[PDB]
Amino acid sequence: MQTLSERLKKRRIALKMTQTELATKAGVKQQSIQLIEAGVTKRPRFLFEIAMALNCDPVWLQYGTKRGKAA
């Protein structure tokens, strides 16, 4: 899926979670996250917040790739 909208959406499906739920946990509004999912907000400020809230990686929900913690 790769892109901001697609990859974020995928995980929200995989977790049986709704945007308001994600927004609340992430400390933001639903409309804020919809802007990513709708394909408008290609760089969110609250990106980190969404990531941990949705139990995934910033760079992944963004571009399709997960931070190589393992060197």
# chains A, B, ... in the order shown; residues from 1 in each chain; ligands from 1
>>> residues_around(residues="residue 26 of chain A", least_positions_apart="3", cutoff="7 Å", atoms="only C-alpha atoms", output="CSV table (one decimal) with C-alpha atoms, in the first residue's frame")
chain,number,residue,atom,x,y,z
A,22,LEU,CA,-7.1,6.5,16.8
A,23,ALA,CA,-7.6,10.3,17.1
A,49,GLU,CA,1.2,10.2,18.0
A,50,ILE,CA,-0.8,8.3,15.4
A,53,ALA,CA,-1.7,5.0,19.0
>>> residues_around(residues="residue 12 of chain A", least_positions_apart="2", cutoff="10 Å", atoms="only C-alpha atoms", output="number ranges by chain")
A: 7-10, 14-19, 21-22, 54-56
>>> residues_around(residues="residue 68 of chain A", least_positions_apart="5", cutoff="12 Å", atoms="only C-alpha atoms", output="ChimeraX atom specification")
/A:57,59-60
>>> residues_around(residues="residue 20 of chain A", least_positions_apart="6", cutoff="10 Å", atoms="only C-alpha atoms", output="PyMOL selection string")
chain A and resi 26+28-34
>>> select_by_dssp(residues="segment 8-62 of chain A", states="helix (DSSP H, G or I)", output="VMD selection string")
chain A and resid 8 to 14 19 to 25 30 to 37 47 to 53 58 to 62
>>> write_last_selection(atoms="N, CA and C atoms", output="compact mmCIF listing (two decimals), in the first residue's frame")
# COMPACT_ATOMS: atom_id res chain seq x y z
N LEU A 8 -1.66 3.59 6.28
CA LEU A 8 -2.34 3.94 7.55
C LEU A 8 -3.70 3.23 7.67
N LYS A 9 -4.52 3.37 6.62
CA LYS A 9 -5.83 2.70 6.49
C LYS A 9 -5.76 1.20 6.81
N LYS A 10 -4.85 0.52 6.13
CA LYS A 10 -4.56 -0.92 6.26
C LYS A 10 -4.43 -1.40 7.71
N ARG A 11 -3.60 -0.70 8.47
CA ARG A 11 -3.36 -0.99 9.90
C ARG A 11 -4.58 -0.74 10.80
N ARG A 12 -5.29 0.35 10.52
CA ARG A 12 -6.56 0.69 11.21
C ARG A 12 -7.64 -0.40 10.99
N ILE A 13 -7.62 -1.00 9.80
CA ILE A 13 -8.46 -2.18 9.45
C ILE A 13 -7.99 -3.42 10.24
N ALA A 14 -6.69 -3.72 10.10
CA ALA A 14 -6.02 -4.86 10.75
C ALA A 14 -6.23 -4.92 12.28
N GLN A 19 -11.30 5.68 13.11
CA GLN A 19 -10.52 6.93 13.19
C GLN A 19 -10.66 7.76 14.47
N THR A 20 -11.88 7.96 14.94
CA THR A 20 -12.11 8.60 16.27
C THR A 20 -11.35 7.97 17.43
N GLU A 21 -11.25 6.64 17.40
CA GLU A 21 -10.52 5.83 18.40
C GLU A 21 -9.01 6.14 18.33
N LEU A 22 -8.52 6.13 17.10
CA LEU A 22 -7.13 6.47 16.77
C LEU A 22 -6.79 7.92 17.18
N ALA A 23 -7.69 8.84 16.83
CA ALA A 23 -7.60 10.27 17.14
C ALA A 23 -7.50 10.56 18.65
N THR A 24 -8.36 9.90 19.42
CA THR A 24 -8.47 10.01 20.88
C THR A 24 -7.18 9.53 21.57
N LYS A 25 -6.75 8.32 21.21
CA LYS A 25 -5.48 7.71 21.67
C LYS A 25 -4.24 8.54 21.29
N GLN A 30 -10.62 13.49 14.83
CA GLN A 30 -10.85 12.55 13.71
C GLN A 30 -10.53 13.18 12.35
N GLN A 31 -11.06 14.39 12.14
CA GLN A 31 -10.85 15.21 10.93
C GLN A 31 -9.37 15.39 10.56
N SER A 32 -8.52 15.49 11.58
CA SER A 32 -7.05 15.57 11.45
C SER A 32 -6.43 14.34 10.75
N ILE A 33 -6.88 13.14 11.15
CA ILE A 33 -6.39 11.84 10.63
C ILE A 33 -7.05 11.54 9.26
N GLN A 34 -8.33 11.90 9.11
CA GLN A 34 -9.03 11.81 7.81
C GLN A 34 -8.26 12.54 6.71
N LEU A 35 -7.67 13.68 7.04
CA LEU A 35 -6.81 14.43 6.10
C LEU A 35 -5.62 13.63 5.52
N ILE A 36 -5.08 12.71 6.32
CA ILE A 36 -4.04 11.75 5.86
C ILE A 36 -4.68 10.68 4.95
N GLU A 37 -5.68 9.99 5.50
CA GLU A 37 -6.43 8.92 4.81
C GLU A 37 -7.08 9.33 3.47
N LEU A 47 2.19 12.86 13.56
CA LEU A 47 2.53 11.58 12.93
C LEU A 47 2.95 10.49 13.94
N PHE A 48 3.83 10.89 14.85
CA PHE A 48 4.35 10.03 15.94
C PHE A 48 3.25 9.50 16.87
N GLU A 49 2.35 10.43 17.18
CA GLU A 49 1.16 10.23 18.02
C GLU A 49 0.24 9.14 17.44
N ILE A 50 -0.04 9.26 16.14
CA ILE A 50 -0.82 8.27 15.38
C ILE A 50 -0.12 6.91 15.38
N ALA A 51 1.18 6.92 15.12
CA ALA A 51 2.00 5.70 15.02
C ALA A 51 1.87 4.77 16.23
N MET A 52 2.15 5.30 17.41
CA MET A 52 2.10 4.55 18.68
C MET A 52 0.66 4.24 19.11
N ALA A 53 -0.24 5.17 18.84
CA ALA A 53 -1.71 5.01 18.98
C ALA A 53 -2.26 3.85 18.12
N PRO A 58 5.89 5.47 12.13
CA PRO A 58 5.68 6.73 11.38
C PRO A 58 5.99 6.61 9.88
N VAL A 59 7.25 6.25 9.59
CA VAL A 59 7.79 6.07 8.23
C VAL A 59 7.04 5.02 7.39
N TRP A 60 6.40 4.08 8.08
CA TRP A 60 5.59 3.00 7.47
C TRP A 60 4.21 3.49 7.05
N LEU A 61 3.48 4.08 8.00
CA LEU A 61 2.16 4.68 7.70
C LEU A 61 2.26 5.80 6.65
N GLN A 62 3.43 6.40 6.58
CA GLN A 62 3.88 7.35 5.54
C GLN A 62 4.25 6.78 4.15
>>> closest_residue(among="A:27, A:69, A:64, A:42", to="residue 1 of chain A", atoms="only C-alpha atoms")
A:64
>>> decode(residues="chain A", atoms="C-alpha atoms", output="mmCIF file, in the first residue's frame")
data_model
loop_
_atom_site.group_PDB
_atom_site.id
_atom_site.type_symbol
_atom_site.label_atom_id
_atom_site.label_comp_id
_atom_site.auth_asym_id
_atom_site.auth_seq_id
_atom_site.Cartn_x
_atom_site.Cartn_y
_atom_site.Cartn_z
ATOM 1 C CA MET A 1 0.000 0.000 0.000
ATOM 2 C CA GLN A 2 2.961 2.354 0.793
ATOM 3 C CA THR A 3 1.384 5.814 0.712
ATOM 4 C CA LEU A 4 0.196 7.872 3.677
ATOM 5 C CA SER A 5 -3.480 7.102 3.097
ATOM 6 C CA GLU A 6 -3.265 3.461 2.042
ATOM 7 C CA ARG A 7 -0.718 2.120 4.574
ATOM 8 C CA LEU A 8 -2.344 3.943 7.546
ATOM 9 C CA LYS A 9 -5.829 2.701 6.494
ATOM 10 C CA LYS A 10 -4.556 -0.918 6.262
ATOM 11 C CA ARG A 11 -3.359 -0.995 9.899
ATOM 12 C CA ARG A 12 -6.558 0.689 11.208
ATOM 13 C CA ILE A 13 -8.464 -2.176 9.449
ATOM 14 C CA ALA A 14 -6.024 -4.860 10.753
ATOM 15 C CA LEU A 15 -6.579 -3.601 14.350
ATOM 16 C CA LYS A 16 -10.427 -3.341 14.039
ATOM 17 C CA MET A 17 -10.114 0.351 14.894
ATOM 18 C CA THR A 18 -12.043 3.460 13.816
ATOM 19 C CA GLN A 19 -10.516 6.928 13.190
ATOM 20 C CA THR A 20 -12.110 8.604 16.266
ATOM 21 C CA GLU A 21 -10.519 5.831 18.400
ATOM 22 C CA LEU A 22 -7.131 6.473 16.765
ATOM 23 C CA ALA A 23 -7.596 10.269 17.138
ATOM 24 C CA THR A 24 -8.471 10.010 20.879
ATOM 25 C CA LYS A 25 -5.481 7.714 21.669
ATOM 26 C CA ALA A 26 -3.179 9.870 19.466
ATOM 27 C CA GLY A 27 -4.388 13.059 21.312
ATOM 28 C CA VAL A 28 -6.038 14.644 18.192
ATOM 29 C CA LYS A 29 -9.361 14.985 16.280
ATOM 30 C CA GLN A 30 -10.853 12.547 13.711
ATOM 31 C CA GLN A 31 -10.852 15.213 10.930
ATOM 32 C CA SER A 32 -7.046 15.565 11.447
ATOM 33 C CA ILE A 33 -6.395 11.843 10.629
ATOM 34 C CA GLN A 34 -9.028 11.807 7.815
ATOM 35 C CA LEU A 35 -6.807 14.431 6.101
ATOM 36 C CA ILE A 36 -4.045 11.751 5.857
ATOM 37 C CA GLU A 37 -6.430 8.925 4.811
ATOM 38 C CA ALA A 38 -8.109 11.204 2.186
ATOM 39 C CA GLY A 39 -4.627 11.795 0.607
ATOM 40 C CA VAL A 40 -4.298 15.551 1.447
ATOM 41 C CA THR A 41 -1.886 15.797 4.402
ATOM 42 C CA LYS A 42 1.245 14.114 3.089
ATOM 43 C CA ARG A 43 3.215 15.292 6.171
ATOM 44 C CA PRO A 44 1.387 15.269 9.571
ATOM 45 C CA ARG A 45 2.830 16.992 12.652
ATOM 46 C CA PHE A 46 0.944 14.470 14.896
ATOM 47 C CA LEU A 47 2.527 11.577 12.931
ATOM 48 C CA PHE A 48 4.354 10.026 15.936
ATOM 49 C CA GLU A 49 1.160 10.233 18.018
ATOM 50 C CA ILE A 50 -0.819 8.274 15.380
ATOM 51 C CA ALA A 51 2.000 5.698 15.022
ATOM 52 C CA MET A 52 2.098 4.555 18.678
ATOM 53 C CA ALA A 53 -1.708 5.010 18.975
ATOM 54 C CA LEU A 54 -2.119 2.645 15.969
ATOM 55 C CA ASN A 55 0.811 0.431 17.183
ATOM 56 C CA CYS A 56 2.862 0.987 14.018
ATOM 57 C CA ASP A 57 5.748 3.039 12.602
ATOM 58 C CA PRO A 58 5.682 6.731 11.378
ATOM 59 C CA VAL A 59 7.793 6.072 8.232
ATOM 60 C CA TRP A 60 5.593 3.004 7.474
ATOM 61 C CA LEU A 61 2.163 4.678 7.702
ATOM 62 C CA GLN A 62 3.877 7.353 5.536
ATOM 63 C CA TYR A 63 5.953 5.512 2.873
ATOM 64 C CA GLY A 64 5.479 1.748 3.461
ATOM 65 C CA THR A 65 8.775 1.164 5.331
ATOM 66 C CA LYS A 66 9.578 0.340 8.938
ATOM 67 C CA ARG A 67 12.548 1.704 10.910
ATOM 68 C CA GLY A 68 15.451 -0.749 10.861
ATOM 69 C CA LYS A 69 16.036 -0.842 14.632
ATOM 70 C CA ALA A 70 17.993 -4.081 14.092
ATOM 71 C CA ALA A 71 21.421 -3.164 12.736
#
